[PDB]
Structure formats: C-alpha cells, structure tokens
C-alpha cells in the first residue's frame, strides 16, 4: 500500500478500540469514505490481521475483513489484489499469532475460498503441513478452516484426508479432537450425499476414540463430541448400524457413572434418544436400545431431593418445578420422546420389568421415579397400556398413601397423566378407583403440595368425564375443594379455583345445585393477587356457562362490574383470564352482550393490529437476540431476520377472539366488519414470517362478510378485495397447509356471497393458482435411502371443494376456464397414486353436473370403468358417483356407458356392508338408482342395498326414488329402510309410506313397529302423518 493510506487507516482502525463517540466517528469515516476504496481497505485490514503486533487492532481487522469480504463480494475483487490478500493472510496464519487471532485469520481465509474464485493451491499445501505441526493451535485452526470450507476436503487426495481425520480424532489435544469431529460432521452437513461414502468409513475410528475421553477424565469435551455426533445421527443414522451396540453400551456406561457432572450424561442421553427420532426401525430391531434407554432413564429420575431425604426443601416451596433437578428433567423428557416414537409394542415390556421392581423399593426416590416414569411413557405406550389398566392401578394406587409425601405427589401425577392419556376409556372404567384415591388426598391431613397436585389431577380426569359419572362425587369433591379455597398458601387457593372451575364445566346442568353456595364465596374473593382473581373470574364464568343464562343472571351484573374494574385498573397473565372471561360471558348472554362491545373490542383491535415486527439483522447480532424466549431468528434468502414471536402469537389470539365475537354476534358485529377486514384480516395475509397470522386472517374473512350480510355495496367492495387477495395468495403462498386455508376460505366466502360473486379476471386468476397448486402437489408426490429410513390429500380435497364452489357460483361458465387445466386433471386420472386419481375423478363428477362434455367422454370413461372395480373403495366411490351423475345430468350423451356398467354396479354393491366401505357401496347403490330413473330385475337388486345411512346426497336420492317407485311383504323392509335413514340422520317419503300402510289391516300395520325400542318409537310417532 501507498504509505499515506496506511496511517489514515491505521489511525481509524485504532479509533475502533475504545467509548461511543470516538468509535462512532470512526464507524462513519469507514462507511462513508472507505467501490473506489474497498480493495485498498481489504488489503489494509488483511495486513493488520496478519502482521500487526497489537492484539486488538489485529483481531478487529480480521473480523472486519470477514464482514466486508462477504459484502464486497469477494468475487468482484481484482485477481491481482485477491492474490496479495490471500498471500498476506496465509503469511500471517503461518507466523506467530495468539490463538484467538489465528481463529479470526482462519475465518478470514475462509472468505477467500469460493468455487468461482481462482484456485488457491498454496492454502491446501499450508493446511496439509499445519495439520502435521506440533502446535495444537495450528492443528485446530486447520480443521476449523475445513469446517468453514468443507469442499477443501474434496480437493485433498483420499489417502491423505483419511489419515488426517484418524489422527484428528486421536490427537493429544482435546481442542484438536473437538475440531476434527466438528469438521468431520460438518462435511456431512455441507456436502451432497453422493459424497458421503468417502468419509463414512471413518465413523468407526471416531467411535473407537471415544472411551479415551473418559480415561483422561475429559468428560466436558466428551459432551462437545456427543453434540457433533447428535447432529450426525440426524444426517446419517444408518451409518451407525452395526456399531450400534457399541455406542449404546458406551452411553449406558457414561450415564450410569454418576460422579460425572451432568453435561456429559445429558448429552449422552440425548444421543441415545435422538436415534429413536431418526432411525426408529433400527432401534426397534435391537432389543438392547429399548432396554438400555429405559434402565438409564429410570436411574436419572432418581436424582431428586439429593442430600435432603425428608424433602423438607420441597414441601415448603410452590408447585412450580425446581428446575435445578436437571438430570431428572432430561430423563422424563427422554422417556416421553422415545416412547412416543417407538410405541408400547416395543417398550411396555422392558419398562414394566423395571417398574415392578422400583415400585416396591425402600428408597423413596425409586418409588417416586417409577411413578414419574410411567407418567412420562404413558402417552407413547398408550396402544398397549390402555389394556393393562387395572394392573397399573394395582401398582400405583397403594402408593397414594406412601409414608413419603413426594411419592404421594408422584402417585397423584400418574393418576392425572393417565386420566389424560387413556381418556375417554379410563373415565368410564376407573372412576370408582380413581376419584376416591384423589379425593382422599384433598383432606387437610395431607401436605399442601400433595393436596394441590391431587386437585390438579382431578382437572385431568374431569376433562373427559361425563356429568353423569361425576354427579355422585360432586358433593364430596366440592366440600373438600372449599377447604382448600381457604388455604393460606396462594398456590393452593389458585389450584382449588381452577379445579372447581373445570369440574363445574364438566358437570354442566348437574352443577346448578351448587351455584348458590359457591358464587358468593367467589364474589368475596373478587372483592378482597392477579392470578387469584383471574382464576377466580375464570371459575365464575365457567360456572356461569355450566348453569346457563337465567341462573347466571342472579350475579351477572355485579360480576360484569368487577370485570370492568379489573380490566381498566393500574401480570400480563391476568389480561388473558379477563379476555377469555368476557368471551365466555358473551356465549352465555347471547345478544344481551351487545352493550358491552365498546368495553371489550377496543383492546382486542389494538393487539390484533400488531405489525410484522421485524429486524433486518446481522450474523453475530443473532445468537444474543435468540436468548429471548419471546424472539426467534430465521434466514429468508441467506440474509437473516429477527421476528418478535410473542407479539405475533398475541395478534393471532386477538384475531381468534374477534372471530368468535363475530361468529356469535352475527349481524350485531357488523359495525366492526369494515375495520377488522381492512386493518386486520387482509393485511394479515402478507405476513410471510408467521403462518398462524396468515391462517387466522383467512378464516376471519368469510365470517366478517357473513356478519355484514346479516345486518344489511360495501359488502361487495370488501368481498372483492378479500377474494382477490386470497386468489393471489394461491400462487405465492409457499406452505401447502396455508394454501388449503385459502381455498377453504374462498369456498366459505362464495357460500356467503351467493350468486356470481366472482369476476372473469378473478376466475382466470383462480385457475392459475389452482394450476400452480396442482403442479406443486404432483412434483412433491413424485418424491417418495442408503443413510436414512395427508397434507397433500387434504389440500386436494379442498381444491375439489373450491372448484365445485366456483362452478356453482358461475353456474357452469367456469367450465371454459376449467379446460385449461385438463392436461393436469388427465395426468392425475391415469397416474398410479390413488390420491391424484380420486382428485381427478371428483373434478370429473363436478364437470358433468354442469351434455357438453362429450368432448371428453372418450377420454375418461375407459378409466372410470376401470376404477369401478378397483381394490380401493374410495376410488370405487368416486367412479360410481360419476356414473350416477352421468345418467342424471347428461342422460342421452352417456346412455351407452351407463347401461353396460349397470351389472358392474350390482357386483360392487356385493366387505360391502362394512363401516369402512359402507360409504363407497352406498354411492354405487345411488348410482344404480339414478340410472333406473333416467332410462325390473335391477330394481329388486337396488332395494337390497337399502338402507342408506352414511352418505347424505346418496340417501337423498334413494329415498326420493323410493318415493316415486311408490306414488307413481317387502313392507317391513320398506318401513325399516326409512326409519333407519331418519334415525341415523342421513336424509315426505313418509307420505308415500303412510298410503302403503293404509292398504293393510290395522293389526298387520301395527306389527311392523313391534321390533322398535321406546326411544326410537318416541321419534317414530313424531315422524308420522
């Protein structure tokens, strides 16, 4: 560099070390003054990083160099100057640099290796030498560069690179070892699989180098390696098959060694568990995984109240978790997660081997652990455990009265967890065992923690319990809970209110009995602490719904005044109990809520208008932004962003409430429609960073319209704006799941708005979207390895609904646009994948409903007649509906196919009468009835397919036909066929039947409804003329 340039830059970069003022003045100077100067700047910084004897200036420059070299970008730099930079960087790397500075140089160097940059063979050469150096920092930094630039691994000869890694794993220095493993795993995460087979052979060397960490007592570094291995299991789990037992045994060995600090034990557990989430067939196929996993997690769950056998510290504290019981926490999460992926088929047996034993230990911690373990595994193993239910209770329930209060707590928990996981069956079956067990723990004989947890477990039970089942136990439950309500400890009171609330909600009308006593107790609590009052308001309004409006009106006025007070006064946890309560009052009050809207809606508007609160951010400026629970950072197109997740979640919550107020208030909500639609719903579709928002936006639309419609041009303006943005969203929406919501949204919009609600350019725009969606679905299904082991059906189901909706609103005229995507529809019809076939068949049936299709008759009847006798009942269903609809709307143009196939329909109609394909064969039945109407042996066949109970449109036709086959000793089958249809709520046919019964003796007539029980004879009486 020119000598002047140097001291200019030297001064500025020295201003960087320091204060805001001196350091911002330097920042300005650089960003304002320094495409004319970039290569000088780059050259300067690279020289500083390489040669400056000042640590701080050196570091700074290296970091700056890295930042500015991406921004440049490095590609657009003069070959002449790249070379100089590369050489000085390399010279600095190979000189005497402090460890931290070599790291930064390494990362700068990485910025100068790029596929389209001129070849840099000096780097390869310097790395090969450095890996052989006796200075650990040279070795570490070399693997680091191969971590950042993994493609360099491909550029080295295979017979050099393999020994490089084997040496890496084996190195004297732990830091070198960590860097080699990082680099090794990094390889897999940056290169295509076609390249993997080339380092894969090394996994054994890596695994074999593991026990050495334990020998050296270097378990903290073991944890780092376990973390790289965790990533490798996600990428290439199969690679570990057949060294499988050796990693399993090794992690077993480590987890059991309980004077290791926990990091190495918890990461080893994570390694174990992650296999089940990435290679379930593998873990299932070896008995040893399940066994080690269960054994190991049971041990860890024992690690509670350490050095505190009485649990003194725990009885005194609140019912929140002591998050300092880390290994215990990890163990239950693990057991849960594995159980979920492998199922009970695979782990009930090993689990129970160990439970039996620990249940009876004299170590309380083990009896506890057994409860917590069952409790963790229960969801996952539901499939098997749902039928070992009395056996479970026999083991669990004795401990309800265990000497030790934590075992008691433990027992309450299992009863709670199980009540949820085995619902609704367990409510029906075990109330006689469960409720008394729990109720007995409510008494003030027991400790605060246990009483509260028993009360907690009662919520779990109640969620899925019948009012009828709970009824005999209410008095007992209530009297006990009232005691806890008076407890002296905040948390006991709070749980008591919540338990009462949720019991009440289940009890419904059976709770009316208890209302007069409870409600003033509740009012007094309110008049007297945010969670208490919120939990109290929640309890009051849940009680209010359970008892109904009239009864709730005894205190509603006062309650409402307290709500208002609470809302407008000087925890954000309260805001929610308030919101949900107002909303619950509106479900109780019906139209009487309307006066309250001006209290309740304004705060919801504010929240529901939160903008996409985004920070276009920088690489380092992330990991710290990531610290916050309330924030998450993602990458859009390489360049990153910080999104305030909490705020966006809150927007959704508020939109949900706006949506339910609209749904219940209907016409009454009309005053808000324009505001919510334009300032909330619609802008929400452009929230590309949060799909909940986008979805809530779409579901709001038709509900808003329907509200304005019921009250009253603006409706049209709004609808036009809305439908347009939905349609345009169909082409640009990346998530198929959201795409489905838009279509469903349009269908609902169309049903609200009625006839011809869409314009011609809209219809064309909807077709491109439909086409893009059909295109992207085909391409995803043409997807499905050496290393690895309904959202599409649902989307297509909805697209069928939108197309039908659009056809109906246009009354056929959409057939013109429909021609453009016939190639799509055709490919589908003759693919193999049954889902695409069903889609196309269903579209086809819609086309025919609107004799102008002959154009195509020749193209799809061959496939339809195939489909008729497919193994797949959903295919037969779609096909027969098509044939039925052919005869109905296009009778002369399809007379030739319909009558031939008529025999096929008599055959398909005869597994037919099952639940699973009752659907299919009911359509066939209706299909033949349709044909017999459009154009005697056949009709007698048809009859032997009644009654029709599952499909509504089919049933509609068959009994219309049955009514014509009459008005223009089968008599008890005739009547029954009809009674069954009504009774099963599938579908004037009655008028025809009356006349038939007229033509019989009074005693013959009466004997038909000999068979029928009282409840359906109550209904029969109220059906007849």
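Neighbour counts are summed over all protein chains in view; Cβ atoms, including those assigned to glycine, are modelled from backbone coordinates with ideal geometry. Basis: the model, the stated rules and, where named, an outside source; none is laboratory data.
If you go through segment 15-57, how many residues are in a helix (DSSP H, G or I) and crowded, with 16+ Cβ neighbours inside 10 Å?
18
List every residue pair whose Cβ atoms sit under 6 Å apart, with the two residues 6 or more apart in sequence or on different chains, where the first one lies in segment 734-753 and is on the phi < 0 side of the Ramachandran plot and not assigned by CATH to the domain that holds residue 775 and the second, anywhere, is buried (at least 22 other Cβ atoms within 10 Å of the Cβ) and not in a helix (DSSP H, G or I).
none
Test residue 220 against the stated conditions and say whether it is outside any loop (DSSP other than H, G, I, E, B) and loosely packed, with under 15 Cβ neighbours inside 10 Å.
yes
Can you name the residue in segment 153-187 that is in contact with a helix residue (DSSP H, G or I) (Cβ under 9 Å, 6 or more places away or on another chain) and in a loop (DSSP other than H, G, I, E, B) and is also nearest to residue 235 (Cα to Cα) among such residues? Talk me through it step by step, then tell me what you get.
Of the residues in segment 153-187, the ones in contact with a helix residue (DSSP H, G or I) (Cβ under 9 Å, 6 or more places away or on another chain) are 153-156, 158, 160-162, 164-187.
Checking which are in a loop (DSSP other than H, G, I, E, B) leaves us with 156, 169-173.
Values: 156: 23, 169: 20, 170: 23, 171: 25, 172: 28, 173: 27 Å.
Once the filter is applied, the top-ranked residue is 169.
Residue by residue, here is whether (1) surrounded by fewer than 24 Cβ atoms within 10 Å (Cβ to Cβ); (2) over 39 Å from the mean Cα position of the chain (by Cα); (3) within 21 Å of residue 836 (Cβ to Cβ); (4) in the same structural domain as residue 961 (by CATH) holds:
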| residue | (1), (2), (3), (4) |
| --- | --- |
| 871 | yes, no, yes, yes |
| 875 | yes, no, yes, yes |
| 879 | no, no, yes, yes |
| 884 | no, yes, no, yes |
| 908 | no, yes, no, yes |
| 920 | no, no, yes, yes |
| 923 | no, no, yes, yes |
| 928 | no, yes, no, yes |
| 937 | yes, yes, no, yes |
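Only residues in segment 1001-1025 that are under 16 Å from residue 982 (Cα atoms) count as the first member; pair them with residues that are in a loop (DSSP other than H, G, I, E, B), Cβ under 8 angstrom, at least 6 apart or cross-chain, and list the lot.
The qualifying pairs are 1020/1012.
With respect to the numbered conditions (1) touching a helix residue (DSSP H, G or I) at 6+ places or on another chain (Cβ under 7 Å); (2) surrounded by fewer than 18 Cβ atoms within 10 Å (Cβ to Cβ), which one is the sole condition not fulfilled by residue 267?
Residue 267 satisfies every listed condition except (2).
Evaluate the following for residue 338: is it crowded, with 24+ Cβ neighbours inside 10 Å and assigned to a helix (DSSP H, G or I)?
The answer is yes for residue 338.
On the given criteria, is residue 138 assigned by CATH to the domain that holds residue 180 and within 22 Å of residue 51 (Cα to Cα)?
Yes; evaluated as a whole, the condition is true for this residue.
For residues in segment 398-416 being under 21 Å from residue 462 (Cβ atoms) and surrounded by fewer than 24 Cβ atoms within 10 Å (Cβ to Cβ), which is farthest from the chain's Cα centre (by Cα)?
It comes out as 400.
Taking the options 718, 685, 726, name whichever one is more than 30 Å from residue 779 (Cα to Cα) and surrounded by 17 or more Cβ atoms within 10 Å (Cβ to Cβ). Steps first, please.
Working: 685 fails: more than 30 Å from residue 779 (Cα to Cα); 726 fails: more than 30 Å from residue 779 (Cα to Cα).
Matching residue, one of 718, 685, 726: 718.
Here's a check for you: in segment 889-898, which residue that is within 15 Å of residue 865 (Cα to Cα) and touching a helix residue (DSSP H, G or I) at 6+ places or on another chain (Cβ under 7 Å) is surrounded by the fewest Cβ atoms within 10 Å (Cβ to Cβ)? Working first, answer last.
First, the residues of segment 889-898 that are within 15 Å of residue 865 (Cα to Cα): 894-898.
Subset that is touching a helix residue (DSSP H, G or I) at 6+ places or on another chain (Cβ under 7 Å): 894, 897-898.
Details: 894: 25, 897: 18, 898: 24.
In this case the residue turns out to be 897.
Within segment 134-152, can you find the residues that are touching a helix residue (DSSP H, G or I) at 6+ places or on another chain (Cβ under 6 Å) and part of a loop (DSSP other than H, G, I, E, B)?
Across segment 134-152, the qualifying residues are 149, 150.
Sort out which residues of segment 241-255 are under 21 Å from residue 789 (Cα atoms) and not in a loop (DSSP other than H, G, I, E, B), and write them in order of number.
If the condition is that a residue be under 21 Å from residue 789 (Cα atoms) and not in a loop (DSSP other than H, G, I, E, B), then 244, 245, 246, 247, 248 are the ones that fit.
Return a yes/no flag: does segment 778-786 have any residue that is over 25 Å from the mean Cα position of the chain (by Cα) and surrounded by 15 or more Cβ atoms within 10 Å (Cβ to Cβ).
No, because not a single residue in segment 778-786 is over 25 Å from the mean Cα position of the chain (by Cα) and surrounded by 15 or more Cβ atoms within 10 Å (Cβ to Cβ).
Which of the residues belonging to segment 555-579 are outside any helix (DSSP H, G or I) and surrounded by 15 or more Cβ atoms within 10 Å (Cβ to Cβ)?
555
Would you mind stating whether residue 956 is surrounded by 12 or more Cβ atoms within 10 Å (Cβ to Cβ) and either at positive phi or part of a helix (DSSP H, G or I) (or both)?
Working: surrounded by 12 or more Cβ atoms within 10 Å (Cβ to Cβ): yes; either at positive phi or part of a helix (DSSP H, G or I) (or both): yes.
Yes.
What are the residues in segment 73-91 that are within 48 Å of the chain's Cα centre (by Cα) and surrounded by fewer than 16 Cβ atoms within 10 Å (Cβ to Cβ), if any?
73, 75, 76
With the structure loaded, tell me whether residue 154 is within 14 Å of residue 199 (Cβ to Cβ) and surrounded by 20 or more Cβ atoms within 10 Å (Cβ to Cβ) or whether it fails that test.
Against the criterion (within 14 Å of residue 199 (Cβ to Cβ) and surrounded by 20 or more Cβ atoms within 10 Å (Cβ to Cβ)), residue 154 does not qualify.
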